[PDB]
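We give structure tokens for two forms of one protein chain below, kept apart as structure 1 and structure 2.
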Structure 1
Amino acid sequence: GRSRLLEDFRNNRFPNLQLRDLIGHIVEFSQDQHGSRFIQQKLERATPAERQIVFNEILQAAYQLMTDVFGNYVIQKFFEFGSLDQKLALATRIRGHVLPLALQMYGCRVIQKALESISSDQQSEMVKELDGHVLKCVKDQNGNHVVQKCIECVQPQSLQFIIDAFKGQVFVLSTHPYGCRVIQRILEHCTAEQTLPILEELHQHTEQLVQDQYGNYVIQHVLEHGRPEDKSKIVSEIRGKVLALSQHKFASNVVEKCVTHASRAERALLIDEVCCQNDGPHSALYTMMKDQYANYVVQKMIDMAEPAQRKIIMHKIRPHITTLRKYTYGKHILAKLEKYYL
């Protein structure tokens, strides 16, 4: 757009073009959609001198390139293919500026890459810079990816300050489009010890959480990955309320997960609740198997029930086959029904 060299290249004037021919133009090329691609591909296969030629020009405008729509990719490649020297130099340009990079659309991609590429020491140093700004970053459309990458790569001791910043915020952040994903990473990667007060905070809001469009995902996650004690606390919040919750757009997810991932005792208890209870004139199962949300629960319930309980269920189902075939999701129920006698 500015150099003839650039515009010529952008017109297939140089089929045999090489990094060496780009001296005094690397930054220009790095900012250009096709130039950036050209440099990326050449860097993957270059001699060390070629790589250092490139690195010399880019270092002079590294912060600029880290925040550029196409330049950021060239910075990323040095985190993959670059020397300790080269990686240290870049980390020095980042030092002091982790916060506004983390919050920037392309800078946060650089930070993420850096975190996969540097020593634990340098990781921990970078992460520190966010101290005082965790909640801002957790809720930021760019920053939350940075925080997630931290939780995934950095020694958990070094993330205590992030856990600490959550005191009193677990509910709010769990019902947040981006927050909830951070909570999930924490539950996956941090120690049992660390997550204690998080879990505590979740248990106090199970009722609201299971009904929230993001929150239900946090609860689900505990059901799939947490320790029994925590699953039990969730299950005990579901008992008594199974029929109603099965019909909720979001709470149905959590009920399903209890059927699938709770202990076998708990499963039985949830199945039994719905086989005994009536709903108005008809049966609780009747309501459920016809509901767009609840029927998936019934499906899973048949899948998980022991021979005994599966015999009870199919017998409560049988007198409604004619009035069941109305619904396409009845086809999955009938498939398991016909796959049960001969």
Structure 2
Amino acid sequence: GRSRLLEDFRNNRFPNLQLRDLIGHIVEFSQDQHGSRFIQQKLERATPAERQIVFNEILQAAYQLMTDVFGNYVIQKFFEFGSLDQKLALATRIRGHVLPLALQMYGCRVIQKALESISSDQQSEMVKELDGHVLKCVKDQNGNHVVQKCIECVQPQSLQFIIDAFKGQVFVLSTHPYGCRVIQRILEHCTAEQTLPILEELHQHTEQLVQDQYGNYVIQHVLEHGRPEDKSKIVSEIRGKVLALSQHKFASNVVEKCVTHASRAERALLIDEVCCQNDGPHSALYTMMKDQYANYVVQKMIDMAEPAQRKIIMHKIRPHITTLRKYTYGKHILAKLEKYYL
């Protein structure tokens, strides 16, 4: 049922088609896979007058387009390139519908782009509509991306209710595949007063988080980016357990990040731990090198070791060259030994 113009455009009739040529058909083009891309591209360099001509047509259909697989990109491009009065008009259409839009597969994209594009007060007015619905949004396939963008974009005073809603839920959310990403954003962007209670709760569950499919991601984040004191708390949960945890599908990630990112003394302590440990009739290092997960830990220990600790590891690794060649991943440590021994 396409218009002749949209059919002609799709058949490459018009290599010099312009926004002005679309009058009457703008909503139809916006809902088309190819027509939408055309409008998206043209909006970048359109004159304000050309943008207004398009906007006049789409405004009546704005909510429909926000929730359309292809039309949402056109609304995003008005947040990106539109005038302040166009963004005003769109924020108006969004008002009172931020929650359903945030939960909508395409509308969540529009709210995200709006947050990147609008004033601090406009942002505050949008995000408050999520009050009472924070955990629902955080776990939602679409809403979680809106909550993440709020944390990246919005003033901390206007975010506080999100932080408050996490109290008592940090463990549940950190072990959730979408929740764990929101927790990471909080750790990056929120103020120290906001992250303090989140971290305190995280440290109450470290043992379980390090072994969790998604929780280990949060623990890794604190190792890579957090304050020394928080890293030390995590190290306290790894010491005495390096051999066991290095062989764990998920906790091995955490062990590696301890070796790479913890303090100089902490890194040395964990390395020392496996250098002096025998795993029955085999070395702890022997056990670790044949393991699909722990081998990478050993790789990092070699990389991070001080010249003195490195001497010892390389010395204990050497008699197991033939064992290394059996494994697809033995490649890396072998190459390290070769480089190390001239």
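Residues are numbered by position in structure 1's sequence, first residue being 1. Between two forms, the rigid core is the largest collection of C-alphas that superpose within 1.5 Å.
The Cα shift for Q299 between structure 1 and structure 2, taken after rigid core superposition, is smaller than 2 angstroms. In a rigid-core overlay of the protein, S36 has its C-alpha displaced by at least 2 Å between structure 1 and structure 2. With the core held fixed, the Cα of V27 is displaced between structure 1 and structure 2 by 2 Å or more.
A C-alpha shift of 0.8 Å is found for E200 between structure 1 and structure 2, based on superposition of the rigid core.
At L59, the distance the Cα travels between structure 1 and structure 2 is 1.4 Å after the core is superposed.
Superposing the two forms on their core, we find that the Cα atom of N16 is displaced by 5.5 Å between structure 1 and structure 2.
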